[PDB]
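The chain that follows stands alone, in the form deposited in one PDB entry, written as structure tokens.
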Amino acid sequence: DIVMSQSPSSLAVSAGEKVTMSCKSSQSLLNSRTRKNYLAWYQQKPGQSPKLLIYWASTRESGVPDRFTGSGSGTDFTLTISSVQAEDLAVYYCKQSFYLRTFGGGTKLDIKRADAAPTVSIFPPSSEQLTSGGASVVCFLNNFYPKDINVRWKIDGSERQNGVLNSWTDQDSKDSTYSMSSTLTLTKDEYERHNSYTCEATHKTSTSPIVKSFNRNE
């Protein structure tokens, strides 16, 4: 069985730059009679099925623009993307079809762009939710770069570290930014024991956190 090794595991490049990625097979994928390498490249964007880009190591599939180029032969293969666009963020898989089928583990392509501080918003629980006995407080940290971010919750100034559920979007193809949601869920009874609720975001764009707050009493 043929083992496929892709490197690097991920790559970050600016829009307009050239990216290169490697795919190696444990055995030659070249058949001498047919004279072809049985090696294909697939692109998978978030929430989509994989798409064939290149087969026979270097033949571009229908409709694929020439800025995607496959090269190599035998056990050593490369995918080049020139003039990388924001819309190219995807995981790129190689796959051998010499004998059975084996996918490489993928190279994830991320886009570099200018740093951007998050736009932070806090939302007190709804009347609807509170009437039913629950109290979720939500904080959005929108359109930031780079992806690394810290969020801390404070209840009357004391850090609160559970009942917290965080979720992070894929990098956005429209602007190459990231976003995050942080939700603090309490009972209504616990919620009514405290006044000020605070979400604080620490991002490399500033040494001081971005603080957003509301008071249950207003």
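C-alpha atoms forming the largest set that superposes within 1.5 Å between two forms make up the rigid core. Numbering starts at 1 and follows the sequence shown.
Higher mean CA temperature factor, per the PDB entry, when comparing 45-53 with 25-33: 25-33.
A summary of the deposited B-factors shows that, of 182-190 and 156-164, the stretch with the larger mean C-alpha value is 156-164. Among the modelled residues of the chain, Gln6 sits in the lowest third by CA temperature factor in this PDB entry. Sort the chain's modelled residues by C-alpha temperature factor and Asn143 lands in the highest third, per the entry. When the modelled residues of the chain are ordered by their C-alpha B factor, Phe123 lands in the middle third. In this PDB entry, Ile111 carries a Cα temperature factor that places it within the middle third of its chain's modelled residues. In the PDB entry, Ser83 places in the middle third of its chain by CA B-factor.
Separately, the form deposited in another entry exists; it is not shown, and the next lines address it.
Only one of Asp189, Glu61, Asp170, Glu159 has its C-alpha shifted by 2 Å or more between this form and the one not shown once the core is superposed, and that residue is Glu159. In this overlay on the rigid core, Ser26 has a C-alpha that sits less than 2 Å away from its partner position between this form and the one not shown. Annotation: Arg33/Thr59 CA-CA distance shorter in the other form than in the displayed model, change of at least 3 Å. CA of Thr59 to CA of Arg35: closer by 3 Å or more in the other form than in the shown form.
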